[PDB]
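Top to bottom, those sequences are chains Z, W, V, X and a. Adding 4 to a residue's 1-based position in the first sequence gives its number in PDB author numbering. Adding 177 to a residue's 1-based position in the second sequence gives its number in PDB author numbering. Adding 438 to a residue's 1-based position in the third sequence gives its number in PDB author numbering. Adding 323 to a residue's 1-based position in the fourth sequence gives its number in PDB author numbering. Adding 282 to a residue's 1-based position in the fifth sequence gives its number in PDB author numbering. Note that CB positions come from ideal geometry on N, CA and C, so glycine has one too. Accompanying notes for the structure given below.
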Amino acid sequence: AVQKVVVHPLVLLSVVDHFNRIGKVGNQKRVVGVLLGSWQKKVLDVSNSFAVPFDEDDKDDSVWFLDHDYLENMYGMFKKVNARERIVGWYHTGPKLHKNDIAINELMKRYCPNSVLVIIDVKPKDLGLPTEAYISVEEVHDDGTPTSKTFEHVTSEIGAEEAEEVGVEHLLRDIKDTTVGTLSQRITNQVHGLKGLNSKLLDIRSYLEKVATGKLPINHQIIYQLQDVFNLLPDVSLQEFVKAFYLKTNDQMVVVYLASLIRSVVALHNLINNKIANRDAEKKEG
Amino acid sequence: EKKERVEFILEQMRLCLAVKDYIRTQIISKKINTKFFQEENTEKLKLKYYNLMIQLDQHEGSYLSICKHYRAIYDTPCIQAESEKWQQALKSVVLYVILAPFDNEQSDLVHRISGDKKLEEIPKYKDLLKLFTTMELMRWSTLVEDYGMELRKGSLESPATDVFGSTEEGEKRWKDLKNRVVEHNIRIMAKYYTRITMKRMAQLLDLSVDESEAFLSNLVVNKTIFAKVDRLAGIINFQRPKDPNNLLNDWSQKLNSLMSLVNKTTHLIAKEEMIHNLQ
Amino acid sequence: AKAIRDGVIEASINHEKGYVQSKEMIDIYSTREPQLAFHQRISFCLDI
Amino acid sequence: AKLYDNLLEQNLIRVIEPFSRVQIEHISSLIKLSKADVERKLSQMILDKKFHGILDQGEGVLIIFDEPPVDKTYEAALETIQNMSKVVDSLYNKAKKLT
Amino acid sequence: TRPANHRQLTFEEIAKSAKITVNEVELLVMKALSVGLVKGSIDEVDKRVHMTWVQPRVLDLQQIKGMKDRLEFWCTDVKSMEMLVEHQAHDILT
């Protein structure tokens, strides 16, 4: 249904500054607010947002309130200043999936059909992209409850924009691993990539924590993919993999050989262009 | 004028059939196959335009130009309430989907005739399309003993008498039905059969090794079924190319499927932890 | 016999009969020798 | 006559197609022709290289095999070599003469 | 049960383990490939079939031991192959 989401740096900071402006509460407050934007060509977009006044008590943590008058007036001001901009869903600050974040979506689903939530990060650290979005799916199914509803994570990324990149690259001024050559991919995905595979190997190990000791439901819907992985582990080295592999390596290194074969001659020509700049300058000038 | 000029100009094509002249018949029918958006009172007239279009498509080999012809004589709003004359309309709507040549138009045409409530009132002809839908067919002699007899039976005998009665066009339907049943073997034989002997296949076609080579020949020079036969060891095989690049190529395909697959579980585990170890 | 022993030629002698058979060894390309014939010269050509 | 050569060979590529090997005695039967002129004519196919394969004299098994070889990769890198050799020959004309 | 080393059974082995004759096991497995529980190719002349994909079943707390162990040294192959990347690819980018 929904392919993926588009998140901007403007909404990205536009949550964090609100976490700063309610950061004086000290004890506990989650930044929940209203997520604005479009979705076009089956691609979710997030352009604007604001935050709603919200409080919560730990005793009886099934009670939430959104001042929907404040939702009406300010979004009326936002449709007014920008008729193109509209609602796209909501968000909460999302450390660890708080429990009112099952009906916050069912509370305000009367505005957006796919009333999407976004989990953000307040203390930014990972080896990946700490931006999360779920989606609401419900099920009269299998065996958990006759009324069952659990969010499912749609893939999430930071959408860029030509307007905002002036501010992005303007406000970086720190470091930027450009000069995309033979080593950009080496570090963005060959150094960072295998350590990308590290945590994905680690998460199935975190599920493996229930061999006899973990939570009481066992598998049901985990083990078809698990059997599928070790079923679909790739082909071993006995056939033409090493052959045709040696064939195609044995063809790629031809092109490498030609490129290195030119490059030396080019730089040699350049040195001759220097010795003309030396020998007929030493006698001329002195 | 919408009706009377059309009634005038569709007359003389059967006169061209009395000439045995199809090259004129299709040109003067080219005037009227673009004559539509008049389906209000013309009950029998467009049906006469179709029944003078049974033969222009019936004569030479055109067993797939009769597709929209025969569903077009399923189309007409009168036919629905003359059930036994509509039973032979259930006949003509099935006596071509076999008979049409192998096509994507045939392979979704089985779905265009499939999923019908009032066609499956004949208990045989849901099974007939079921046979060419599903897996391996019971040769030909184990088939004609089960279905070469119901063509005389039922309330449906008349386009089956267009299969029976003419022994020459009818014989072309014995050998085109025979073409579909001898071909229906060869499709899934090439699909699942890596390397089979020649005698085993001539035995599963119930005929000679020589005529079996005639069957495999005109399809591999049609190159619609690629095969590398043998006439010294009888060891034939299907879809056996040299494959320099598809080994590592499809291996890379297995890599991408694998990385998608290991990506599939990773975002699925974390919510499974958070539904019993949330709070 | 020592031409077999020291490397050079591989295949067998029917010492009883007397013919020395030799097998047809082709496709030395997918045998990874010319990758080494490259990599000797890849590295050196980068060096020059 | 010349049309009969192309028709003869049109049949001759037609029946030879679906297999890898056969004896000459079956293709002589299947085109309904002799074996000597068919053997010589098949030899002329693999002399003129219009058809390629091999033939046998012991019983006449025609071994048919085809793959399109990699050609673009090596020679197109090979003529760049003889370009650049001439370029180094020109480097005499600005390098050896000059400094 | 057969590992991914071979998983290549023969029609004599089906004729032993299912005691059904030589001329019906192919009609059995064409039906099996039509249904789609198993995914493998059929050779007739070497009397063997190359079965590749099996329908996934369920399992107790004992198969997770073997899947855990085949996972465990598969971690350190990623550690080991990555270690050359960190060591040799150290000076390309600090």
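(message) Measuring straight from C-alpha to C-alpha, what distance separates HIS102 of chain Z and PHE245 of chain Z?
(response) As a working note, residue 102 of chain Z is residue 98 in the first sequence. As a working note, residue 245 of chain Z is residue 241 in the first sequence. Taking the CA atoms as reference points, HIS102 of chain Z sits about 50 Å from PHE245 of chain Z.
(request) Could you list which residues in chain W have their beta carbon closer than 8 Å to that of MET333 of chain a, in chain order? (result) By one-based count along the fifth sequence, residue 333 of chain a stands at place 51. Under the 8 Å cutoff, chain W gives no residues; its nearest Cβ is about 12 Å from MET333 of chain a.
(request) Kindly say whether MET407 of chain X, judged by its beta-carbon, lies nearer than 7 Å to any beta-carbon of chain B. (result) Absent from the structure is chain B; the protein chains it does hold are Z, W, V, X and a.
(request) Check the C-beta distance from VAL19 of chain Z over to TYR95 of chain Z and give it rounded, since I have them as a contact under 8 Å. (result) Here residue 19 of chain Z refers to the residue found at position 15 of the first sequence. Here residue 95 of chain Z refers to the residue found at position 91 of the first sequence. Your pair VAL19 of chain Z and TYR95 of chain Z checks out as a contact, with CB atoms roughly 7 Å apart and the cut at 8 Å.
(message) Let me check understanding here. Comparing Cα to Cα, which of a:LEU309, a:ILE346, a:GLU364 and a:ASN287 lies closest to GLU326 of chain a?
(response) Locating residue 326 of chain a in the fifth sequence gives position 44, counting from the first residue. Put simply, of a:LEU309, a:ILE346, a:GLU364 and a:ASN287 the residue whose alpha carbon is nearest the alpha carbon of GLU326 of chain a is a:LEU309.
(request) Answer with buried or exposed for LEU432 of chain W, where buried requires no fewer than 16 other C-beta atoms within 10 angstroms of its C-beta. (result) Counting from one through the second sequence, the residue named residue 432 of chain W turns up at place 255. Exposed, because fewer than 16 other Cβ atoms sit within 10 Å of the Cβ of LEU432 of chain W.
(request) Determine the chain X residues that contact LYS419 of chain W at a beta-carbon separation under 7 Å, and present them in chain order. (result) Mapped onto the second sequence, residue 419 of chain W falls at position 242. Chain X residues near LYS419 of chain W: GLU390.
(request) Report the neighbours of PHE342 of chain X on chain W: residues whose CB is nearer than 8 Å to its CB, in chain order. (result) By 1-based counting over the fourth sequence, the position of residue 342 of chain X is 19. Within chain W, the residues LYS405, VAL406, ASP407 and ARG408 have their CB atoms less than 8 Å from the CB of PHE342 of chain X, given in chain order.
(message) Would you say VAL345 of chain X lies against chain W (beta-carbon separation less than 7 Å)?
(response) Reading the fourth sequence from its first residue, position 22 is the one you call residue 345 of chain X. Judged by the 7 Å Cβ criterion, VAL345 of chain X is in contact with chain W.
(message) Taking CB distances under 7 Å as the criterion, tell me whether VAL340 of chain a reaches chain W.
(response) The residue you call residue 340 of chain a lines up with position 58 of the fifth sequence. No, its Cβ sits nowhere closer than 7 Å to a Cβ of chain W.
(request) Quick one: using the 10 Å Cβ neighbour count with 16 as the cut-off for buried, is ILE413 of chain W buried or exposed? (result) Start at 1 with the first residue of the second sequence, and residue 413 of chain W comes out as number 236. The residue is buried, with at least 16 neighbouring Cβ atoms inside 10 Å.
(request) Going by CA-CA distance only, name the one from W:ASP353, W:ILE365, W:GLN232 and W:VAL386 that's closest to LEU314 of chain W. (result) The count along the second sequence starts at 1 and reaches residue 314 of chain W at position 137. When C-alpha distances from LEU314 of chain W are compared across W:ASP353, W:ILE365, W:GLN232 and W:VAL386, the shortest belongs to W:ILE365.
(request) Report yes or no: do the region 12-29 of chain Z and the region 42-55 of chain Z share at least 3 C-beta pairs separated by less than 8 Å? (result) These segments touch.
(message) Which residues does DSSP list as the beta-bridge partners of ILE413 of chain W?
(response) Position 236 of the second sequence holds residue 413 of chain W. In the DSSP output, where bridge partners are listed per residue, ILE413 of chain W has W:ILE373.
(message) Please list the terminal residues of the continuous beta strand (DSSP E) segment that includes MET333 of chain a.
(response) Numbered from 1 along the fifth sequence, position 51 holds the residue referred to as residue 333 of chain a. It spans 330-336 - the beta strand (DSSP E) in which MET333 of chain a sits, taken as one unbroken run.
(message) DSSP three-state label for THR292 of chain a, please.
(response) For the purposes of this step, residue 292 of chain a is taken as residue 10 along the fifth sequence, with counting starting at 1. Here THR292 of chain a carries a strand assignment [DSSP, helix/strand/coil].
(message) Whole angstroms are fine: how far does the CA of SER284 of chain W sit from the CA of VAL258 of chain Z?
(response) Residue numbering aside, residue 258 of chain Z sits at position 254 when the first sequence is read from its first letter. Residue numbering aside, residue 284 of chain W sits at position 107 when the second sequence is read from its first letter. Going from the Cα of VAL258 of chain Z to the Cα of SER284 of chain W covers about 47 Å.
(request) Could you tell me which uninterrupted beta strand (DSSP E) segments, each at least 3 residues in length, are contained entirely in the region 141-178 of chain Z, listed from first to last along the chain? (result) Fully enclosed beta strand (DSSP E) runs of 3 or longer: not present.
(request) Give the interface partners of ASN254 of chain Z over in chain V, defined as CB-CB distance under 9 Å, in chain order. (result) If you number the first sequence from 1, residue 254 of chain Z lands on position 250. Those within 9 Å of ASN254 of chain Z in chain V are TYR467, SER468, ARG470, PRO472, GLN473 and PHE476.
(message) So, with DSSP's three-state summary, where would you put residue 1 of chain Z?
(response) Residue 1 of chain Z is absent from the structure shown; chain Z starts at 5 and stops at 290.
(message) Starting from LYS364 of chain X, trace the alpha helix (DSSP H) in both directions and tell me its first and last residue.
(response) For the purposes of this step, residue 364 of chain X is taken as the residue at position 41 of the fourth sequence. Boundaries of the alpha helix (DSSP H) around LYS364 of chain X: 359-371.
(request) Could you tell me how far apart the beta carbons of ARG316 of chain W and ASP383 of chain W are, in whole angstroms, since I believe they sit closer than 8 Å? (result) Taking the first residue of the second sequence as 1, we reach residue 316 of chain W at position 139. Taking the first residue of the second sequence as 1, we reach residue 383 of chain W at position 206. With a Cβ gap of about 5 Å, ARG316 of chain W and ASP383 of chain W count as contacting.
(message) Check this for me: beta carbons of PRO13 of chain Z and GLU136 of chain Z, under 7 Å apart or not?
(response) For this step, residue 13 of chain Z is matched to residue 9 along the first sequence. For this step, residue 136 of chain Z is matched to residue 132 along the first sequence. Not a contact, by the Cβ cut-off of 7 Å.
(message) For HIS96 of chain Z, list the residues DSSP reports as bridge partners.
(response) Stepping through the first sequence from its first residue, residue 96 of chain Z is reached at position 92. According to DSSP, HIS96 of chain Z bridges with Z:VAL36 and Z:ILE123.
(message) Taking 7 Å as the threshold (beta carbon to beta carbon), is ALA248 of chain Z in contact with chain W?
(response) Within the first sequence, numbered from 1, the residue matching residue 248 of chain Z stands at position 244. True, the Cβ-Cβ gap to chain W drops below 7 Å.
(message) Please tell me whether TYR302 of chain W has its Cβ less than 7 Å away from any Cβ of chain a.
(response) If you number the second sequence from 1, residue 302 of chain W lands on position 125. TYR302 of chain W does not count as touching chain a.
(message) If distances are taken between C-alpha atoms only, which option among Z:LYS288, Z:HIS273 and Z:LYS279 comes closest to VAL410 of chain X?
(response) Counted from its first residue, the fourth sequence places residue 410 of chain X at position 87. The residue from Z:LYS288, Z:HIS273 and Z:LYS279 with its alpha-carbon nearest to that of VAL410 of chain X is Z:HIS273.
(request) Indicate whether at least one CB of chain Z lies closer than 7 Å to the CB of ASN454 of chain W. (result) Translated into the one-based positions of the second sequence, residue 454 of chain W becomes position 277. Yes, its Cβ sits closer than 7 Å to a Cβ of chain Z.
(message) At the level of alpha carbons, what is the spacing between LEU333 of chain W and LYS313 of chain a?
(response) The residue labelled residue 333 of chain W in the question sits at position 156 within the second sequence. The residue labelled residue 313 of chain a in the question sits at position 31 within the fifth sequence. Across the structure, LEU333 of chain W and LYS313 of chain a are spaced so that their CA atoms are roughly 33 Å apart.
(request) Take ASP353 of chain W and list the residues in its own chain whose beta-carbon comes closer than 6 Å to its own, dropping the five residues that flank it on each side. (result) Sequence index remark: in the second sequence, residue 353 of chain W carries index 176 (1-based). Contacts found: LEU276.
(message) With a threshold of 6 Å on Cβ separation, who are the neighbours of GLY322 of chain a within its own chain once the five nearest residues in sequence on each side are excluded?
(response) The residue labelled residue 322 of chain a in the question sits at position 40 within the fifth sequence. Only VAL331, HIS332, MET333 and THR334 meet the Cβ criterion.
(message) Just to confirm the assignment: which complete alpha helix (DSSP H) runs, minimum length 4, are found wholly within the region 208-291 of chain W?
(response) 222-228, 243-252, 260-269 and 281-289, all fully within the region 208-291 of chain W.
(message) Is there a Cβ of chain V sitting closer than 7 Å to that of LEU230 of chain Z, yes or no?
(response) Here the question's residue 230 of chain Z lines up with position 226 in the first sequence. Not an interface residue.
(request) Give the C-beta separation of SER468 of chain V and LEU251 of chain Z to the nearest angstrom, bearing in mind that I take them to be a contact with Cβ-Cβ under 8 Å. (result) As a first step, residue 468 of chain V must be located in the third sequence, where it is residue number 30. As a first step, residue 251 of chain Z must be located in the first sequence, where it is residue number 247. Indeed they touch by this definition, with Cβ atoms about 5 Å apart.
(request) Check the Cβ of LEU262 of chain Z against every Cβ in chain X and list those closer than 7 Å, keeping chain order. (result) Counted from its first residue, the first sequence places residue 262 of chain Z at position 258. In chain order: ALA400 and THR403.
(request) Assign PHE342 of chain X to one of two classes, buried (16 or more other C-beta atoms within 10 Å of its C-beta) or exposed (fewer than that). (result) For this step, residue 342 of chain X is matched to residue 19 along the fourth sequence. Buried, by the Cβ-count rule.
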